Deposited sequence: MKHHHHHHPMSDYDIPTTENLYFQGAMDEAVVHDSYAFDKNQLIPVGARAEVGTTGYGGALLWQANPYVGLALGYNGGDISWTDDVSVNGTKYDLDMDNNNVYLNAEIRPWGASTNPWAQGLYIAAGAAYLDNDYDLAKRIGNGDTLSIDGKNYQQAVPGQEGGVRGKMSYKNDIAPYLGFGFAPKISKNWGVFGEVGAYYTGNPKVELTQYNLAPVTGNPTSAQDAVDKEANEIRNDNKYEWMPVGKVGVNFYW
């Protein structure tokens, strides 16, 4: 029987979790994170998230009566993961945009130009490692922040561009810039981990 529950928002979506406490040092969080968010600004940013996680939570000082200490935890578990991240930059007449640190402008002044990229993480099980801070404000309420990563392997990447030419003094074409940036994300092994952050509120019945 669970000891409470939390609401949370972050980079893998929003939702919440049920929470058990076997003892002051060891607890469990079974949660759902989802959503389909868009921020349209020039820039369009999308997230489609649908995931379920189960983590053990180790509070090394879980019995402390100093809340800063008892607040601290390590999180280890696994999750079913499905997350898409989209970014689209579009430029109109006279505008500029950048790829992989380099700048581009319209290739022909008629039509808009742009870049559209997608990254997808789909894993039936991906192990998780995280570090959180979750101090109790009282018995009933707390707030928390958590940071960590899933071991997913490199994600799928689409990276395309429309109607783009380098600005003068940039030797690299739009195509090479997107090919290089995509490949880094597919092959480079720092990208075998999906980093994550979230924050939220804990309630304890």
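Missing C-alpha runs, given along the deposited sequence, first residue counted as 1: Absent from the structure are positions 1-43, 85-91.
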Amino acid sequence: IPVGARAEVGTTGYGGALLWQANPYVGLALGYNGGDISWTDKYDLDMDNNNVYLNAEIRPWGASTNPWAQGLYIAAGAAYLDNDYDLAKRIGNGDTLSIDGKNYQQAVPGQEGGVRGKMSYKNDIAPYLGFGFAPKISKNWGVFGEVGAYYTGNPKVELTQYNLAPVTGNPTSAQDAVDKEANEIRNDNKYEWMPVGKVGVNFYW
From here on, numbers count along this sequence of modelled residues.
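88-96 set against 69-77, stretch whose average Cα temperature factor tops the other in the entry: The stretch with the larger mean CA B-factor is 88-96.
Stretch with the higher entry mean CA B-factor, where the candidates are 56-64 and 167-175: Higher of the two, by average CA B-factor, is 167-175.
Record-listed C-alpha B factor of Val201: chain third: Its C-alpha B-factor belongs to the middle third of this chain's values.
Ranked against its chain, the third holding the CA B-factor of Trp39: Top third by C-alpha B-factor.
For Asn123, the third of its chain into which the C-alpha B factor falls: Answer is middle: the recorded C-alpha B-factor places it there.
B-factor third for the C-alpha atom of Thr160 within its chain: As the PDB entry reports it, the C-alpha B-factor of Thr160 lands in the middle third of its chain.
Chain-relative CA temperature factor third for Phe144: Middle third of the chain for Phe144's C-alpha B-factor.
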